[PDB]
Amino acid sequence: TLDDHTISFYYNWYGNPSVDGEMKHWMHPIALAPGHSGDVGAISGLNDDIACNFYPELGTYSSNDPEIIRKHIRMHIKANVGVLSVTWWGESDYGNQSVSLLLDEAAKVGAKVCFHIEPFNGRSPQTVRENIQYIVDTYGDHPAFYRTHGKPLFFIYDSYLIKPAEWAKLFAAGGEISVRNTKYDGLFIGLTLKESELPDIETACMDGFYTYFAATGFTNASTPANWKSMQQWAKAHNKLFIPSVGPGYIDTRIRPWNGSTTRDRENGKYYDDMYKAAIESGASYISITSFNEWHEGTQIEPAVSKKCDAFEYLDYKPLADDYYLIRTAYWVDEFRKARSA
């Protein structure tokens, strides 16, 4: 019961002292307000003081812990989510342990893994090609490697940071470093910020677009009222629209100035409205922001009641720890009823 057109955004950047040598991501700096100077600080990750507004049921876990990976995959089973899109940070991620574990555990249950190309240092058309080559060569033959329409799928975060004429060198059939019709071909999904900038997807020769942001109205493209129209554009231009749906948003632990982005979960109501709008848009794929982006408070991963000296965490009370996983399964089911085999 795993849907292969439903894709969560998965983060494998977490670490703890006993697996990794130190707290990774559970310790995090506190971001300065845009344009401001200072030494504003860091959240220790120590003594249950961690860099997120909610607290994980699995505690301060490591993405390199095989038992965590096994449980994360089981959580995807519960949600009926067949595809995980793993965060990918370039050359520093080559051969990383967590990815191999993820693929190995996914293959045991029929789950699939695709890649989310982040805005890493020195990212360019050339370095993105090298990374596509690495991922295809290293993981492409794995049983759990995601394919759809017979092709791997890549999400490209903050893709607008590279101009569309530069992307075309890589994604146009005749482009000077083209991957088209090589063994490195696939479906490349760019991030769109607004419906009016959709022609950038065309110029860039990308195969589709996603919206990412879990906070409704944060961009034009993450405003669900625009989704039916975005689907109509995709359809008329032979592109794949992949709306991103999330359960809520809050990042005020790591970005105390960013309260304007906060979106209350409303006991599941927010998730319901957003997932509904995704299904009703007519899109063929739906992406979920997020499985476990804890810093931004978008996680569907189980969370628990928790207080430390420094902080009282939000939680899903009075709903279950697994509420958002169960509710995902509900929505996946609605999505399948709206699409048939």
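Start at 1 with the first residue shown and count on from there.
Student: Taking the mean of the C-alpha B-factors per stretch from the entry, tell me the winner out of 13-21 and 313-321.
Tutor: The recorded data point to 13-21.
Student: So, looking at the entry's B-factor column for Cα atoms, which has the higher mean, 51-59 or 302-310?
Tutor: In the deposited entry, the stretch with the higher C-alpha B-factor mean is 302-310.
Student: Just to confirm, going by the entry's C-alpha B-factors, which of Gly175, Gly208, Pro247, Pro243 comes out highest?
Tutor: When the deposited C-alpha B-factors of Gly175, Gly208, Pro247, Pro243 are compared, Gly175 is largest.
Student: Test of reading the entry: by CA B factor among the chain's modelled residues, which third contains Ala168?
Tutor: It falls in the middle third of the chain.
Student: Could you look up the Cα B-factor of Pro119 in the entry and say which third of the chain it sits in: lowest, middle or highest?
Tutor: CA B-factor rank for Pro119: middle third.
Student: According to the PDB entry, is the CA B factor of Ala278 in the bottom, middle or top third of its chain, that is, lowest, middle or highest?
Tutor: For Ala278, the deposited C-alpha B-factor lands in the lowest third.
Student: Within this chain, which third does the Cα B-factor at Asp272 fall in: lowest, middle or highest?
Tutor: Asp272: CA B-factor falls in the middle third of its chain.
Student: Taking only the Cα B-factors deposited for this chain, tell me whether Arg129 sits in the lowest, middle or highest third.
Tutor: According to the entry, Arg129 has a C-alpha B-factor in the chain's middle third.
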